[PDB]
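This report refers to the structure that appears directly beneath it.
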Amino acid sequence: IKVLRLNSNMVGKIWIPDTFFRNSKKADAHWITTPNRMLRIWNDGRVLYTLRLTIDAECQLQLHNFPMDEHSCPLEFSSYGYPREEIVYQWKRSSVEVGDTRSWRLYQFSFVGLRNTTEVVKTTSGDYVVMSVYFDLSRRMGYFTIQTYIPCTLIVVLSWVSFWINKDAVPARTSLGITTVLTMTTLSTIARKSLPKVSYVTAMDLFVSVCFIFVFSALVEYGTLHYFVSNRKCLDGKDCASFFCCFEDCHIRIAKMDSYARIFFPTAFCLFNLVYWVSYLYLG
Amino acid sequence: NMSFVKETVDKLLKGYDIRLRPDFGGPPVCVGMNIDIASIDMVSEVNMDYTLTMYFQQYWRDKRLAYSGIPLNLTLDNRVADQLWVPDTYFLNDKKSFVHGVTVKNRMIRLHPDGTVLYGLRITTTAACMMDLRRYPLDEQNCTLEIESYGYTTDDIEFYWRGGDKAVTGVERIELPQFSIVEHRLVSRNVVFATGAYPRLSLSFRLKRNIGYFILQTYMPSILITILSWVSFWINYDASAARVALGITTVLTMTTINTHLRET
Amino acid sequence: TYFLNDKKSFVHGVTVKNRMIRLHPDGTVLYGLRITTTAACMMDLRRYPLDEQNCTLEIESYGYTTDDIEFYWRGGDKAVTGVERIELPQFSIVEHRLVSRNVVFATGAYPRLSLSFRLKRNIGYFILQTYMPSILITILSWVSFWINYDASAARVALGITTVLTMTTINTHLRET
Amino acid sequence: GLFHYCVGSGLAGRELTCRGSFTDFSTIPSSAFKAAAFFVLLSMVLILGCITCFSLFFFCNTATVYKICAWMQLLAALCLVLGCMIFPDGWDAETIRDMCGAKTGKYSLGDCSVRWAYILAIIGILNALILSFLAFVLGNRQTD
Amino acid sequence: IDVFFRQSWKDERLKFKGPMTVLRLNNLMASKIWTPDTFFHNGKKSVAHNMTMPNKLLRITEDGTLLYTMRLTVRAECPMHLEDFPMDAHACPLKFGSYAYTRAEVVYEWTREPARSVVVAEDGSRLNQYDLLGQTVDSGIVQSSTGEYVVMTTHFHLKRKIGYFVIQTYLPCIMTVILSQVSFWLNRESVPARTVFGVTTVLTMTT
Amino acid sequence: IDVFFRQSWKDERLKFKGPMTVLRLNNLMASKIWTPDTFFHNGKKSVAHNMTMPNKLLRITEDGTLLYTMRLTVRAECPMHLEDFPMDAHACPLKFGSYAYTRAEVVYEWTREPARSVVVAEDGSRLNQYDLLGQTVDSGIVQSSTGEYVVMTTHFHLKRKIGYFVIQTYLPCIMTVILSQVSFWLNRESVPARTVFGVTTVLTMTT
Amino acid sequence: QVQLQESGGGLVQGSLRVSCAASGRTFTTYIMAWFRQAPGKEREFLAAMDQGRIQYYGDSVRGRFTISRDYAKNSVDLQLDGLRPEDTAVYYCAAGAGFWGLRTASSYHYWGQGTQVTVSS
Ligand SMILES: *[C@@H]1O[C@H](CO)[C@@H](O[C@@H]2O[C@H](CO)[C@@H](O[C@@H]3O[C@H](CO[C@H]4O[C@H](CO)[C@@H](O)[C@H](O[C@H]5O[C@H](CO)[C@@H](O)[C@H](O)[C@@H]5O)[C@@H]4O)[C@@H](O)[C@H](O[C@H]4O[C@H](CO)[C@@H](O)[C@H](O)[C@@H]4O)[C@@H]3O)[C@H](O)[C@H]2NC(C)=O)[C@H](O)[C@H]1NC(C)=O
Ligand SMILES: *[C@@H]1O[C@H](CO)[C@@H](O[C@@H]2O[C@H](CO)[C@@H](O[C@@H]3O[C@H](CO[C@H]4O[C@H](CO)[C@@H](O)[C@H](O[C@H]5O[C@H](CO)[C@@H](O)[C@H](O)[C@@H]5O)[C@@H]4O)[C@@H](O)[C@H](O[C@H]4O[C@H](CO)[C@@H](O)[C@H](O)[C@@H]4O)[C@@H]3O)[C@H](O)[C@H]2NC(C)=O)[C@H](O)[C@H]1NC(C)=O
Ligand SMILES: CCCCCCCC/C=C\CCCCCCCC(=O)O[C@H](COC(=O)CCCCCCCCCCCCCCC)COP(=O)(O)OC[C@@H](O)CO
Ligand SMILES: CCCCCCCC/C=C\CCCCCCCC(=O)O[C@H](COC(=O)CCCCCCCCCCCCCCC)COP(=O)(O)OC[C@@H](O)CO
Ligand SMILES: *[C@@H]1O[C@H](CO)[C@@H](O[C@@H]2O[C@H](CO)[C@@H](O)[C@H](O)[C@H]2NC(C)=O)[C@H](O)[C@H]1NC(C)=O
Ligand SMILES: CC(C)CCC[C@@H](C)[C@H]1CC[C@H]2[C@@H]3CC=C4C[C@@H](O)CC[C@]4(C)[C@H]3CC[C@]12C
Ligand SMILES: CCCCCC
Ligand SMILES: [Cl-]
Ligand SMILES: [Cl-]
Ligand SMILES: [Cl-]
């Protein structure tokens, strides 16, 4: 007989490496119907030991570029007790095999690729050969685009709609502006629910901040318009101020603030969108 | 020779009384402890506890296990920990803990020629850390891990931090999303109960809460709503509806903000 | 023995396993266990909260057919005790029932005991939570009739606010 | 650059570790780097303000709009000058010292060399100045 | 899914002669004898119930045919394409087979015909928002780095129920649309009123 | 509640003459001898901590007076009368006794008098919204279907703290009522503003 | 109106049974207890029954009196045996949650009108 093809009975009877996953927060084998383990012993003394595992491994995420972030999550394992002088791990030629990657639970991320590495880690007990497998995951921004980006832009356009209302419609325009502020604050607090409580600005937070500034600017300039309309009512041979500044007429032309804003605000938002998206997609 | 190592360990384990500590009638057995903190996972304010994964290693001396003729450290399989005596260390402020068990129990046992024993465990513990949130979110939290011996008084077992202040390592590499570890401290003392006096070790961390998230979520929107509420002053008083809508909207807005904030 | 409709269950293990073994001189064996079990109860909610549910525990022998083991209720209808002492916060136990029968499977027939409770829900919590805001908002909505037609903003604000409050009551109900 | 830096690993290799983000001020090596990034950002805000204010040419007076961007372009040039003048102060930080060497210091390159972005910034400064002056005189020329 | 999983196999080593034709022995003997190491390929932390005793049974016939049944709460995966949600239908699989034995060692089969070998109890339907149209059974082979394995598959076809979503999402949306369209009937001078319609309808649709 | 639960009893079989009086023996020996099967009557899911080892200690005095203590986290039923909530108070019981043995076999006594037989650590208070005023210690009898049993009971008296629910509901409600009353001071012709006050206050109180 | 109706004989030469039925409020979750008041003495706790069928008894009357609770008809019964002449007193039935108590009268909010009991020698 050139090979013995045994089951999980002999796993506890022969010596087995005490390999453990270093970055595991929670791991467990499978025991239904029986332990999902396999043993094979060849006549030359070669032992092959296979088992099924489910591992919840930590992956420190850098969420500065969320939702346009790419991570490289590790999976490290080594011998717990035996240092490098006693057990040495080595990757086979076909180290890591990925099956049909369309039946995977990954919803918010896309698997780009993987790579393997081996190192030696210094610890108090001794030196251990640590084998790591990195998986590259790129976030998919479709869900977050539906959730946050589109409503925020729609609310900004809703704020713009206040410009075309007659300036005598004081309660109407005030209600429009304040309600836009309400909804933008609500979207701001809702956008961060899915994230950890990190203490730095993300791309989504930056976008929400800029949109809030836009809405606040629209409401403030309407307030200024109403206050100034109703509630309140050098080689050429000139001076430095007259050459430079504008103390000739300019204020007076405040009634045209809505006409200015109707094209000023959309241009500003388009410019911000252009620079933001190109910086975060192409140049970043 | 593997056979000679086998007969040596067989003689070591033959006639070994697990029930008795290394010097039952003798002076107390000294145990040096050192910890390598892998990570801190969830510092929960609502549960008043934090989770902590670590490699926790104990070092003691058992003359029964002293061998000779083997210039090597016999890192035996971890199943011999059942056959060997080990300290009954426990964490007093524990709530839910386990030893990681993939592929096998993450447990190390290592004998030395002089009888010295090194016993390591990969342990994840959820420990209670009561918090004084009076200055929240501008507060600092003292979270402690309280190592103690259950069934051995100071007459039987003594504890110490192996390596002094360098006994605990890996604190510098921790990355808490919500806090920053400003300092870690190690204390050794004795605690008296009705059943006697016991040795006690304490590993304490001081955590400073980061303010950026709170400034993003709470302070800036509240400040901006408060600033916006003044536009009613510039609005004409004859237009009652606009000023009323602005004021009532800001009031309900901030009530909703506070209620949504502090339900977590 | 096993429970057919059991989802997750355990025997209490503090300070030890809460288990009892008593042997009488005549060869009789009394075997007690303190068991906490979460059992599935399929609830028909068409009349919710004015509903009446029926939840059953389903005791059965696994490996021994009726040719080997025969279940019965000891003491008859007085077998199950302590039901009268239970005061659920939402429900009230109108009655409880014991049944003994035989269930047939592909392997063969087995004995079967069933302990059923007929729970009836209490309406005070729902009256305080969902209904009473709904009626009070309904009376709120009719104030718009007494406002003049020309005062459009008041009636519109009233109607829209009533619709919004109905929607938020409904969503805060369906969330749970 | 201003906030992001990608130093090497130091073993016959690429291994450039890109850490730094203006959205996280902690990662920036120096307060001088923070100030320079802030000033460059303010200049960018001003010039994009003018790319918006080009829309005002439809209604507002041409001389007025020209003067408004002449002044904001001058302010953006001033901010860029301040940023490029304060950025050198940050090389004495520990990270830049490790990157370049011991010779590096305040207004002291040492061995490191300015790459295309710094000289491009200088060209941007002087082009901003000449464009702003062109704007000033153009605005005065509209009235003629 | 909660299942009685039965296996049957011949074992000539356990042939016996006795007064009784079948020995309905205690469940503990399964540990002492050989049993197949069947596992669920797409399972996820299945639970074998252990109250009061292990929910297993072993029966040994005089000819040596062993019947071994287990009670399990299998938790299986199925990749759901939620594109036509909530009008979507799914075909959730359940595949199982030997872990350590290839086809040359162990082969699985269905006792009755494949359609009749997966029976669902009539009363036992715990689905909330799904209709179990039926099950389709199959057997086949799978390649792997270790060898070839016989895999037995089932597919439960489930159609989603649209009543909940129609009540809670589609119908409020339609009523909000009608509420917004009601604004066209008020006079054009009712500026704050029509603004209130538009603003509140947009906010409700965002919510 | 987290407790060191100590028991002690005489065992004539375990008397000895030796060099030392009391053997501070390993916790492994607890399983090799009889021990009381004490269980908590109102416990729901209690934990016997065993990190790093089973947190129990056993000591055998030369006469035979075994001491045996264990570390437990017991979560137990505390029925509540919420009629006076948030200004209510509770007396949570903690009741334990032998599961198998009746009065005629095992009887429980307090090591000291009941007042000082239960001690709470000075810093041992993980209560957020409650004040542990004190404890009262008693013993009683229960007549189960199996027989008579002795049940040792403690009652921890807790008073709910009011500040949290004040800030939760009372202050917002009072401010909402004052906000509604602000409407009276406006002019009677401000129909939209006063209606906005009324409807907004109604919605806030509903929420 | 919450009301606790006590019933039982008044004179005996002996054994006796006194019942106490509740009305207007279910006391299944409350603790039901008995107290004694002799002429010129304070209230003395006799016995108590808890929701969990758990019985407590006073030392002076331990082993003599027996307390039982019928949860279906919402009542507590006290069976008195081995009476001796100085046990003459008026017996009160109370129900309540035991806060600072289970032995003190102040912890109970509901009380009966009291039933007199006398023993003749
Ligand atoms: C977070 O918050 C927690 C909670 O407060 C902090 O926990 C405590 O840490 C401090 C250190 O910052 C501890 O103070 C010390 O205790 C040690 C050890 O105590 C024992 O040493 C002897 C045994 O070897 C014993 O005899 C001692 O006896 C008493 O000691 C003195 C009187 O002699 C007095 O404190 C008490 O009456 C004791 O009963 C003692 O128990 C001690 O060595 C330290 O000594 C200082 O003082 C001496 C001079 O007296 C000096 O020579 C030393 O150099 C040192 O300066 C100090 O007293 C405290 O015990 C801890 N408490 C608990 C409950 O753990 C934690 O430190 C905080 N950490 C962070 C990072 O925020
Ligand atoms: C919650 O919901 C569950 C599910 O519906 C309810 O449970 C059902 O309760 C009813 C009673 O309320 C049960 O009915 C009875 O079954 C018992 C026991 O019978 C079995 O054993 C018999 C002898 O071995 C056997 O003959 C039976 O077989 C069939 O046989 C009869 C006769 O041939 C046939 O007519 C039936 O169709 C049976 O299916 C069975 O295997 C039985 O004793 C009961 O008889 C009563 O009625 C007869 C009138 O014919 C009367 O003469 C008797 O004196 C007795 O009063 C009755 O048939 C039913 O089995 C339960 N079903 C399940 C699945 O548990 C439960 O009650 C609900 N809760 C509450 C609180 O109500
Ligand atoms: C929320 C939405 C509603 C608000 C609407 C208002 C609009 C507001 C706009 C921008 C954000 C405001 C600034 C918020 C600053 C956040 C608060 C802050 O400054 O904290 C400091 C810096 O934090 C940080 O990393 C953040 C650094 C980046 C902040 C600057 C962002 C760019 C904004 C440029 C303006 C463009 C305007 C364009 C409008 C047209 C550090 O302390 P912290 O304890 O954490 O460190 C501990 C350390 O250990 C963490 O690793
Ligand atoms: C990638 C970056 C994209 C950014 C997008 C940039 C675009 C930003 C948006 C809108 C620009 C609108 C410009 C409109 C210019 C139209 C100017 C015009 O109307 O004609 C007259 C001449 O004005 C003038 O000479 C002023 C000249 C206008 C110069 C500014 C426009 C620049 C457009 C060049 C775009 C090239 C892009 C290519 C990049 C690769 C003025 O009228 P007028 O007498 O009646 O008034 C007098 C008074 O009394 C009443 O108005
Ligand atoms: C996994 O690690 C192994 C060992 O480090 C890599 O092995 C090399 O693979 C290439 C391509 O087959 C061979 O040309 C080399 O000779 C192999 N290494 C040695 C030392 O012989 C393997 O490529 C890695 N797999 C990856 C990167 O996915
Ligand atoms: C309102 C108009 C006139 C001006 C708008 C200015 C816009 C384009 C500015 C304001 C804040 C800026 C962002 C601030 C911070 C960062 C992080 C950095 O790592 C990449 C660039 C990026 C993402 C900037 C992109 C451009 C930005 C969005
Ligand atoms: C001063 C109390 C205000 C509370 C508002 C929620
Ligand atoms: Cl950045
Ligand atoms: Cl479902
Ligand atoms: Cl609490």
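FYI, nothing fancy with the structure tokens labels: chains A, B, ... in order, residues from 1 per chain, ligands from 1 as they appear.
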*Identify, on the basis of only C-alpha atoms, every residue whose closest approach to residue 148 in chain F does not exceed 7 Å; exclude the query and any residue fewer than 5 positions from it along the same chain; express the result as a ChimeraX atom specification.*
/F:102-103,142-143
*Given 9 Å and only C-alpha atoms and all ligand atoms, residues near ligand 1 as a list in words*: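 Written in the requested form, the residues are residues 140, 141, 142, 143, 144, 146, 182, 183, 184, 185, 186, 187, 188, 189, 190, 191, 200, 201, 202, 203, 204, 205, 206 and 207 of chain B.
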Just to be explicit: take each residue in the selection above, keep C-alpha atoms, and write the result as a tab-separated table (two decimals), in the first residue's frame.
chain	number	residue	atom	x	y	z
B	140	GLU	CA	-9.27	60.46	30.09
B	141	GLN	CA	-9.99	56.85	31.05
B	142	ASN	CA	-8.07	54.50	33.37
B	143	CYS	CA	-8.58	50.92	32.13
B	144	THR	CA	-6.93	48.20	34.21
B	146	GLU	CA	-6.14	42.82	37.30
B	182	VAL	CA	-0.89	58.11	26.51
B	183	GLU	CA	0.71	55.92	29.20
B	184	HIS	CA	0.83	52.37	30.54
B	185	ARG	CA	1.78	51.36	34.08
B	186	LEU	CA	2.57	48.14	35.97
B	187	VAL	CA	1.88	47.69	39.69
B	188	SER	CA	2.57	44.77	42.04
B	189	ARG	CA	1.05	44.44	45.51
B	190	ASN	CA	-0.89	42.15	47.86
B	191	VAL	CA	-4.67	42.01	48.34
B	200	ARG	CA	-1.74	40.98	42.75
B	201	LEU	CA	-0.50	42.52	39.50
B	202	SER	CA	-2.17	45.43	37.71
B	203	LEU	CA	-1.60	46.56	34.11
B	204	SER	CA	-3.21	49.99	33.68
B	205	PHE	CA	-3.64	52.13	30.56
B	206	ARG	CA	-4.52	55.82	30.38
B	207	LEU	CA	-6.58	56.52	27.25
*asked:* With only C-alpha atoms as the counted atoms, please give the residues lying no more than 12 Å from residue 59 in chain D, apart from itself and same-chain residues fewer than 6 positions off, as a list in words.
replied: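 In the requested format, the answer is residues 253, 256, 257, 258, 259, 260, 261, 262, 263 and 264 of chain A; 53 and 65 of chain D.
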Filtering to C-alpha atoms, could you give me those residues as a PDB file, in the first residue's frame?
ATOM      1  CA  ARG A 253     -26.702  96.928  -6.588  1.00  0.00           C
ATOM      2  CA  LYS A 256     -29.390  91.799  -8.550  1.00  0.00           C
ATOM      3  CA  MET A 257     -27.955  89.402  -5.943  1.00  0.00           C
ATOM      4  CA  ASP A 258     -30.413  86.681  -6.969  1.00  0.00           C
ATOM      5  CA  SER A 259     -29.535  87.172 -10.640  1.00  0.00           C
ATOM      6  CA  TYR A 260     -25.842  86.870  -9.781  1.00  0.00           C
ATOM      7  CA  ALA A 261     -26.389  83.814  -7.577  1.00  0.00           C
ATOM      8  CA  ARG A 262     -28.487  81.910 -10.142  1.00  0.00           C
ATOM      9  CA  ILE A 263     -25.347  81.383 -12.253  1.00  0.00           C
ATOM     10  CA  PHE A 264     -22.660  81.869  -9.575  1.00  0.00           C
TER      11      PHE A 264
ATOM     12  CA  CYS D  53     -16.668  84.979 -10.838  1.00  0.00           C
ATOM     13  CA  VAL D  65     -15.476  92.011 -12.179  1.00  0.00           C
TER      14      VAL D  65
END
_Calculated over only C-alpha atoms, which of the candidates B:255, B:37, B:212, B:55 has the smallest distance to chain D?_
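Nearest to chain D: B:212.
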*Considering only C-alpha atoms, extract the chain C residues located within 12 Å of chain G and return them as a ChimeraX atom specification.*
/C:81-89,93-95
Requested write-out: N, CA, C and O atoms of the selected residues, as a PDB file, in the first residue's frame:
ATOM      1  N   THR C  81     -46.783  22.236  36.102  1.00  0.00           N
ATOM      2  CA  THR C  81     -47.071  23.114  37.226  1.00  0.00           C
ATOM      3  C   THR C  81     -46.273  24.402  37.089  1.00  0.00           C
ATOM      4  O   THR C  81     -45.281  24.470  36.358  1.00  0.00           O
ATOM      5  N   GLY C  82     -46.722  25.429  37.807  1.00  0.00           N
ATOM      6  CA  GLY C  82     -46.063  26.717  37.809  1.00  0.00           C
ATOM      7  C   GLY C  82     -46.494  27.664  36.713  1.00  0.00           C
ATOM      8  O   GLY C  82     -46.012  28.804  36.681  1.00  0.00           O
ATOM      9  N   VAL C  83     -47.382  27.237  35.813  1.00  0.00           N
ATOM     10  CA  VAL C  83     -47.841  28.122  34.747  1.00  0.00           C
ATOM     11  C   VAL C  83     -48.634  29.287  35.327  1.00  0.00           C
ATOM     12  O   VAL C  83     -48.559  30.416  34.827  1.00  0.00           O
ATOM     13  N   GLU C  84     -49.407  29.033  36.384  1.00  0.00           N
ATOM     14  CA  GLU C  84     -50.221  30.083  36.987  1.00  0.00           C
ATOM     15  C   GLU C  84     -49.382  31.211  37.574  1.00  0.00           C
ATOM     16  O   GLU C  84     -49.882  32.333  37.707  1.00  0.00           O
ATOM     17  N   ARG C  85     -48.126  30.944  37.929  1.00  0.00           N
ATOM     18  CA  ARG C  85     -47.273  31.952  38.548  1.00  0.00           C
ATOM     19  C   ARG C  85     -46.632  32.903  37.546  1.00  0.00           C
ATOM     20  O   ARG C  85     -46.095  33.935  37.963  1.00  0.00           O
ATOM     21  N   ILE C  86     -46.673  32.597  36.254  1.00  0.00           N
ATOM     22  CA  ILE C  86     -45.975  33.402  35.258  1.00  0.00           C
ATOM     23  C   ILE C  86     -46.823  34.620  34.916  1.00  0.00           C
ATOM     24  O   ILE C  86     -48.009  34.494  34.588  1.00  0.00           O
ATOM     25  N   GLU C  87     -46.213  35.805  34.998  1.00  0.00           N
ATOM     26  CA  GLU C  87     -46.833  37.070  34.596  1.00  0.00           C
ATOM     27  C   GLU C  87     -45.930  37.680  33.530  1.00  0.00           C
ATOM     28  O   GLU C  87     -44.980  38.397  33.852  1.00  0.00           O
ATOM     29  N   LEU C  88     -46.225  37.401  32.265  1.00  0.00           N
ATOM     30  CA  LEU C  88     -45.488  38.041  31.193  1.00  0.00           C
ATOM     31  C   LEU C  88     -45.874  39.518  31.114  1.00  0.00           C
ATOM     32  O   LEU C  88     -47.007  39.886  31.434  1.00  0.00           O
ATOM     33  N   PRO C  89     -44.954  40.393  30.690  1.00  0.00           N
ATOM     34  CA  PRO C  89     -45.308  41.817  30.637  1.00  0.00           C
ATOM     35  C   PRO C  89     -46.261  42.145  29.504  1.00  0.00           C
ATOM     36  O   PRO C  89     -47.116  43.026  29.665  1.00  0.00           O
ATOM     37  N   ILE C  93     -51.350  34.115  29.873  1.00  0.00           N
ATOM     38  CA  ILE C  93     -51.587  32.725  29.483  1.00  0.00           C
ATOM     39  C   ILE C  93     -53.055  32.424  29.771  1.00  0.00           C
ATOM     40  O   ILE C  93     -53.443  32.236  30.925  1.00  0.00           O
ATOM     41  N   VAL C  94     -53.881  32.390  28.722  1.00  0.00           N
ATOM     42  CA  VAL C  94     -55.296  32.074  28.903  1.00  0.00           C
ATOM     43  C   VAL C  94     -55.452  30.653  29.428  1.00  0.00           C
ATOM     44  O   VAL C  94     -56.212  30.399  30.369  1.00  0.00           O
ATOM     45  N   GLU C  95     -54.731  29.707  28.831  1.00  0.00           N
ATOM     46  CA  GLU C  95     -54.766  28.327  29.291  1.00  0.00           C
ATOM     47  C   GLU C  95     -53.551  27.591  28.746  1.00  0.00           C
ATOM     48  O   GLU C  95     -52.836  28.082  27.864  1.00  0.00           O
TER      49      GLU C  95
END
Please identify every residue of chain A that has at least one atom no farther than 12 Å from an atom of chain C, counting only C-alpha atoms, and for each give the shortest atom pair and the distance in Å to one decimal, arranged by chain then increasing number, as CSV.
residue,atom,partner,partner_atom,distance
A:171,CA,C:153,CA,9.8
A:172,CA,C:153,CA,9.9
A:175,CA,C:157,CA,11.6
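The protein and nucleic acid residues lying at most 12 Å from residue 116 in chain E are residues 106 of chain C; 110, 111, 112, 120, 134, 135, 136, 137, 138 and 154 of chain E, with only C-alpha atoms considered and sequence neighbours fewer than 4 positions away removed.
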Go ahead and dump the residues you just picked, N, CA, C and O atoms, as an mmCIF file, in the first residue's frame.
data_model
loop_
_atom_site.group_PDB
_atom_site.id
_atom_site.type_symbol
_atom_site.label_atom_id
_atom_site.label_comp_id
_atom_site.auth_asym_id
_atom_site.auth_seq_id
_atom_site.Cartn_x
_atom_site.Cartn_y
_atom_site.Cartn_z
ATOM 1 N N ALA C 106 -40.308 8.428 8.475
ATOM 2 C CA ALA C 106 -39.838 7.396 7.558
ATOM 3 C C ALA C 106 -39.221 6.228 8.317
ATOM 4 O O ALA C 106 -39.431 5.064 7.956
ATOM 5 N N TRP E 110 -28.655 8.680 -3.506
ATOM 6 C CA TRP E 110 -29.950 8.947 -2.896
ATOM 7 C C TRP E 110 -30.684 7.632 -2.664
ATOM 8 O O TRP E 110 -30.712 6.763 -3.541
ATOM 9 N N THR E 111 -31.269 7.489 -1.472
ATOM 10 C CA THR E 111 -31.949 6.246 -1.116
ATOM 11 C C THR E 111 -33.117 5.975 -2.057
ATOM 12 O O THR E 111 -33.119 4.989 -2.803
ATOM 13 N N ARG E 112 -34.122 6.844 -2.035
ATOM 14 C CA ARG E 112 -35.198 6.814 -3.016
ATOM 15 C C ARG E 112 -34.718 7.562 -4.258
ATOM 16 O O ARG E 112 -33.525 7.832 -4.422
ATOM 17 N N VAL E 120 -39.910 17.683 2.634
ATOM 18 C CA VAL E 120 -40.147 18.838 3.492
ATOM 19 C C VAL E 120 -41.466 18.627 4.219
ATOM 20 O O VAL E 120 -42.487 18.326 3.589
ATOM 21 N N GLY E 134 -40.283 24.851 -4.548
ATOM 22 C CA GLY E 134 -39.928 23.450 -4.610
ATOM 23 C C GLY E 134 -38.437 23.263 -4.417
ATOM 24 O O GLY E 134 -37.708 24.200 -4.080
ATOM 25 N N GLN E 135 -38.005 22.020 -4.624
ATOM 26 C CA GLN E 135 -36.604 21.639 -4.529
ATOM 27 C C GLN E 135 -36.214 20.831 -5.757
ATOM 28 O O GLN E 135 -37.010 20.033 -6.262
ATOM 29 N N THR E 136 -34.991 21.050 -6.236
ATOM 30 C CA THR E 136 -34.409 20.265 -7.319
ATOM 31 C C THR E 136 -33.126 19.618 -6.822
ATOM 32 O O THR E 136 -32.238 20.306 -6.308
ATOM 33 N N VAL E 137 -33.029 18.302 -6.987
ATOM 34 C CA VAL E 137 -31.946 17.505 -6.426
ATOM 35 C C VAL E 137 -31.045 17.021 -7.552
ATOM 36 O O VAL E 137 -31.494 16.796 -8.682
ATOM 37 N N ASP E 138 -29.760 16.861 -7.240
ATOM 38 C CA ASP E 138 -28.776 16.464 -8.236
ATOM 39 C C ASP E 138 -27.570 15.873 -7.519
ATOM 40 O O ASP E 138 -27.378 16.077 -6.319
ATOM 41 N N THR E 154 -28.647 19.945 -3.486
ATOM 42 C CA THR E 154 -30.055 20.294 -3.559
ATOM 43 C C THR E 154 -30.134 21.786 -3.828
ATOM 44 O O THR E 154 -29.191 22.522 -3.544
#
*When the cut-off is 10 Å and we count only C-alpha atoms, which residues of chain D are near chain A, given as a VMD selection string?*
chain D and resid 20 to 26 45 48 to 60 63 to 64 67 to 68 70 to 71 133 136 to 137 139 to 140
*Test item: chain F residues at most 12 Å from chain G, counting only C-alpha atoms, as a ChimeraX atom specification*: /F:41-42,77-82,88-93,95-97,132-145,148-159
_Residues contacting ligand 5 - anything with an atom at most 7 Å away, using only C-alpha atoms and all ligand atoms - can you give me those as a ChimeraX atom specification?_
/A:91-96,114-117
Cut-off 9 Å: closest chain C/ligand 2 atom pairs per residue, using only C-alpha atoms and all ligand atoms, as CSV:
residue,atom,partner,partner_atom_place_in_ligand_line,distance
C:53,CA,ligand 2,1 (C),8.4
C:54,CA,ligand 2,1 (C),4.9
C:55,CA,ligand 2,1 (C),6.4
C:56,CA,ligand 2,1 (C),6.4
C:58,CA,ligand 2,65 (O),8.2
C:94,CA,ligand 2,71 (C),8.2
C:95,CA,ligand 2,71 (C),6.1
C:96,CA,ligand 2,71 (C),5.2
C:97,CA,ligand 2,71 (C),5.2
C:98,CA,ligand 2,67 (O),7.8
C:99,CA,ligand 2,18 (C),6.0
C:100,CA,ligand 2,18 (C),5.3
C:101,CA,ligand 2,20 (C),4.1
C:102,CA,ligand 2,41 (O),5.3
C:103,CA,ligand 2,41 (O),7.2
C:112,CA,ligand 2,65 (O),8.7
C:113,CA,ligand 2,65 (O),8.0
C:114,CA,ligand 2,65 (O),5.8
C:115,CA,ligand 2,69 (N),8.1
C:116,CA,ligand 2,69 (N),4.8
C:117,CA,ligand 2,71 (C),4.9
C:118,CA,ligand 2,71 (C),4.5
C:119,CA,ligand 2,71 (C),8.3
_as a ChimeraX atom specification, please: every residue in range 16-258 of chain A that a backbone DSSP assignment puts in alpha helix (DSSP H)._
/A:142-144,150-161,170-191,203-226,240-244,257-258
*Find the residues of chain E in contact range of chain B, meaning any atom within 12 Å when counting only C-alpha atoms, and list them as a list in words.*
residues 192, 193 and 196 of chain E
